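Below: the structure, in structure tokens.
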Ligand SMILES: Nc1cc(Cl)cc(Cl)c1
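Chains as they are written, first to last, in PDB author numbering: chain A, 11 to 125; chain B, 11 to 123; chain A', 11 to 125; chain B', 11 to 123. A prime marks a further copy of an entry chain.
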């Protein structure tokens with residue numbers, strides 16, 4: 011139900027080995043760690059959760075873009091790219107969170123499908 | 011030293027009356043809110059800080075995109091758009107944070123001079 | 011070797027049934043029709059060419075974004091989204107041309123892989 | 011009535027000295043070039059046309075992105091970025107064509123007032 015895809019707009023390639031941390035907001039308001047992983051050679055990260063665990067809630071996906079650029083010798087603008095959204099408010103959906111990275115810019119898009 | 015500009019990709023216009031909150035990261039790793047405003051008729055927000063107060067640090071700019079889309083009667087995906095950056099790491103700079111908004115996508119860019 | 015993917019940034023979905031026309035620039039400078047098709051239910055168009063036909067050259071991918079919006083009742087800004095690029099200049103590559111559509115904006119990205 | 015603004019997503023700056031050519035579609039479906047310029051130190055190009063000459067029609071704005079990246083020593087994907095639009099269909103408007111450039115990606119947006 012949740013996939014993250016990261017692309018590099020400088021090289022026109024997948025952004026490989028990008029760390030991603032996902033959090034869910036608890037009923038106390040705090041950000042509870044929910045899942046993490048790193049992007050594969052295709053720039054994708056699958057397997058973060060399951061339909062049953064991925065309940066309604068407010069989720070945050072934090073993509074460690076700074077470390078990605080630093081490893082390429084670049085000092086980028088952003089510390090990270092953070093995507094915050096309410097999920098499954100009108101029933102279960104599949105979410106693809108895509109990010110397109112440049113040193114001084116990022117774009118993010120959600121593709122939401124009803125399986 | 012800090013300006014925010016917001017555009018609406020649906021209407022082809024400045025995004026007017028968008029709330030923007032700015033925070034500085036505190037020593038305890040919490041976000042200390044210290045400036046806010048809303049975008050003008052040109053989609054711009056000026057006057058958030060001054061040269062003397064805008065010292066090196068990590069800053070967060072939160073743009074209340076959800077409220078903007080709700081006011082237009084359009085279903086949005088994100089809660090907000092957040093920009094987090096280390097400022098002034100090599101000297102004081104002028105920063106323009108530009109955001110281009112769609113209901114299920116946004117982009118943000120920094121123009122640093 | 012050539013795939014086109016189109017997404018709708020208003021609904022967070024694939025842009026389905028989008029017409030795409032591909033042209034190649036001839037040695038006379040004119041744009042020669044090369045391939046066409048329409049995006050599937052996943053927003054993707056595959057099967058446009060083959061490794062052997064997709065020689066070095068300058069290609070244009072024209073995505074009929076206006077008709078897509080018009081069918082949704084919208085009068086968009088752009089007539090189309092046109093992506094023009096030199097292909098295979100340093101040997102055969104696979105190209106994914108992605109476009110992200112809004113009524114008054116579009117983004118386009120190339121992912122280029124070496125198989 | 012027509013301004014072009016170009017930003018560089020790699021450097022976090024205006025894209026300076028970028029060539030821009032504007033064309034109007036002719037009755038024979040050919041593109042008739044009629045204005046050009048290059049972006050200023052602020053990434054902007056003003057003064058392309060006037061209210062009287064900018065009549066309804068289909069216009070193309072071609073931004074020479076390839077030359078810009080070559081001048082920076084960066085390998086680019088696209089030949090150029092092209093924006094094609096019908097102008098003034100509902101009255102005269104002011105158009106700002108904004109482009110945000112990366113070597114393998116670009117976005118373009120219209121701000122129409
Ligand atoms: N001014 C501006 C233009 C585009 Cl096309 C994208 C972004 Cl983030 C800003």
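Backbone N, C-alpha and C define an ideal beta-carbon position, used for all residues, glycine too.
Exercise. Say the cut is 7 Å; is the CB of residue 82/B nearer than that to a heavy atom of ligand 1?
Worked result: By 1-based counting over the second chain, the position of residue 82/B is 72. Outside the cutoff, so no.
For this session: For residue 85/A, decide whether its Cβ has a neighbour in chain A', counting only Cβ atoms nearer than 8 Å.
Result: Position 75 of the first chain holds residue 85/A. With respect to chain A', the C-beta atom of residue 85/A has no partner C-beta closer than 8 Å.
Exercise. Does the beta carbon of residue 57/B' come closer than 8 Å to any beta carbon on chain A?
Worked result: Translated into positions along the fourth chain, residue 57/B' becomes position 47. Answer no: the Cβ-Cβ gap between residue 57/B' and chain A never drops below 8 Å.
Exercise. According to a CB-to-CB cut-off of less than 9 Å, which residues of the region 16-50 of chain A' neighbour chain B'?
Worked result: Those would be none; no residue qualifies.
Exercise. In chain order, which beta strand (DSSP E) runs of at least 3 residues are fully inside the region 75-107 of chain A'?
Worked result: Counting only runs of 3 or more, we get 91-97.
Exercise. Sorted by chain position, which residues of the same chain lie with C-beta nearer than 6 Å to residue 94/B''s C-beta, five sequence neighbours on each side aside?
Worked result: Sequence index remark: in the fourth chain, residue 94/B' carries index 84 (1-based). 70.
Exercise. Sorted by chain position, which residues of the same chain lie with C-beta nearer than 8 Å to residue 43/B's C-beta, five sequence neighbours on each side aside?
Worked result: Reading the second chain from its first residue, position 33 is the one you call residue 43/B. Taken in chain order, the residues that qualify are 31, 32, 33.
Exercise. Does any heavy atom of ligand 1 sit closer than 7 Å to the C-beta of residue 118/B?
Worked result: On the second chain, residue 118/B is found 108 positions in, with the first residue counted as 1. Answer for residue 118/B: yes, Cβ within range of ligand 1.
Problem set entry | ligand 1 heavy atom lying under 7 Å from the CB of residue 12/B' | Here residue 12/B' corresponds to residue number 2 of the fourth chain, with the count starting at 1. Residue side-chain check: residue 12/B' keeps its Cβ at 7 Å or more from all non-hydrogen atoms of ligand 1.
Problem set entry | Listed by chain order, chain B residues near residue 117/B' by CB distance under 8 Å | Here residue 117/B' refers to the residue found at position 107 when the fourth chain is read from its first residue. Here the neighbours are 110, 117.
Exercise. Does residue 120/B come within less than 8 Å of chain B' when only Cβ atoms are used?
Worked result: Looking up residue 120/B in the second chain gives position 110. With 8 Å as the cut-off, residue 120/B counts as an interface residue toward chain B'.
Exercise. What did DSSP end up calling residue 28/B once you bin it into helix, strand or coil?
Worked result: Numbered from 1 along the second chain, position 18 holds the residue referred to as residue 28/B. Coil at residue 28/B, not helix or strand.
For this session: Check each residue of the region 76-100 of chain A': if its Cβ is closer than 8 Å to any Cβ of chain B', include it; give the result in chain order.
Result: From the region 76-100 of chain A', only 85, 87, 88, 89, 90, 92, 93, 94, 95, 96 have a Cβ closer than 8 Å to chain B'.
For this session: Return yes when the C-beta of residue 19/A' is under 7 Å from any heavy atom of ligand 1, and no when it is not.
Result: Here residue 19/A' refers to the residue found at position 9 when the third chain is read from its first residue. No, the beta carbon of residue 19/A' sits no closer than 7 Å to any heavy atom of ligand 1.
Exercise. Is there contact here, the region 46-62 of chain B' with the region 81-96 of chain B', by at least three beta-carbon pairs under 8 Å?
Worked result: The region 46-62 of chain B' vs the region 81-96 of chain B': no contact.
Exercise. Should residue 29/B and residue 52/B be called a contact, given that it needs their Cβ atoms to be closer than 8 Å?
Worked result: The residue given as residue 29/B occupies position 19 in the second chain. The residue given as residue 52/B occupies position 42 in the second chain. Going by C-beta atoms, residue 29/B is not nearer than 8 Å to residue 52/B.
Exercise. In three-state DSSP terms, what is residue 181/B?
Worked result: With chain B covering only 11 through 123, there is no way to say anything about residue 181/B.
Problem set entry | Own chain partners of residue 125/A' with C-beta closer than 8 Å, once the 5 adjacent residues on each side are dropped | On the third chain, position 115 is the one that residue 125/A' refers to. Correct list, in chain order: 102, 103, 104.
Problem set entry | Cα-Cα separation between residue 107/A and residue 118/A, rounded to whole angstroms | By one-based count along the first chain, residue 107/A stands at place 97. By one-based count along the first chain, residue 118/A stands at place 108. Each residue's Cα considered, the two are about 7 Å apart.
For this session: Would you identify the three-state DSSP class for residue 114/A', choosing helix, strand or coil?
Result: Position 104 of the third chain holds residue 114/A'. Reduced to three states, the DSSP call for residue 114/A' is coil.
Problem set entry | Residue interval of the beta strand (DSSP E) (run including residue 72/A) | Indexing the first chain from 1 puts residue 72/A at position 62. Unbroken beta strand (DSSP E) run through residue 72/A: 67-73.
Exercise. When every heavy atom of ligand 1 is checked, does at least one fall within less than 7 Å of the C-beta of residue 25/B?
Worked result: Numbered from its first residue, the second chain carries residue 25/B at position 15. No; taking the cut-off as 7 Å, the Cβ of residue 25/B has no heavy atom of ligand 1 nearer than that.
For this session: Express the C-alpha separation of residue 114/B and residue 77/A' in angstroms, rounding to a whole number.
Result: On the third chain, residue 77/A' is found 67 positions in, with the first residue counted as 1. On the second chain, residue 114/B is found 104 positions in, with the first residue counted as 1. The alpha-carbon of residue 77/A' is positioned some 21 Å away from that of residue 114/B.
For this session: Assign residue 99/B to one of two classes, buried (16 or more other C-beta atoms within 10 Å of its C-beta) or exposed (fewer than that).
Result: Within the second chain, numbered from 1, the residue matching residue 99/B stands at position 89. Label assigned to residue 99/B: exposed.
Problem set entry | residue 105/A': contacting residues in chain B (beta-carbon distance under 8 Å) | Numbered from 1 along the third chain, position 95 holds the residue referred to as residue 105/A'. Around residue 105/A', no beta-carbon contact reaches into chain B at under 8 Å, the shortest distance being about 22 Å.
Exercise. Can you give the Cα-Cα distance for residue 75/B' and residue 61/A, rounded to whole angstroms?
Worked result: Stepping through the fourth chain from its first residue, residue 75/B' is reached at position 65. Stepping through the first chain from its first residue, residue 61/A is reached at position 51. Their backbone Cα atoms lie some 44 Å apart in a straight line.
Problem set entry | Enclosing beta strand (DSSP E) for residue 46/B [first to last residue] | Within the second chain, the letter at position 36 stands for residue 46/B. Unbroken beta strand (DSSP E) run through residue 46/B: 41-48.
Exercise. Quick one: which chain A' residues come within Cβ less than 7 Å of residue 114/B?
Worked result: Sequence index remark: in the second chain, residue 114/B carries index 104 (1-based). The answer, in chain order, is 19, 20, 21, 22.
Exercise. Since residue 35/B contacts residue 41/B with CB under 8 Å, what's their CB separation in whole angstroms?
Worked result: Walking along the second chain from the start, residue 35/B turns up at place 25. Walking along the second chain from the start, residue 41/B turns up at place 31. Contact flag correct, Cβ pair sits at about 6 Å.
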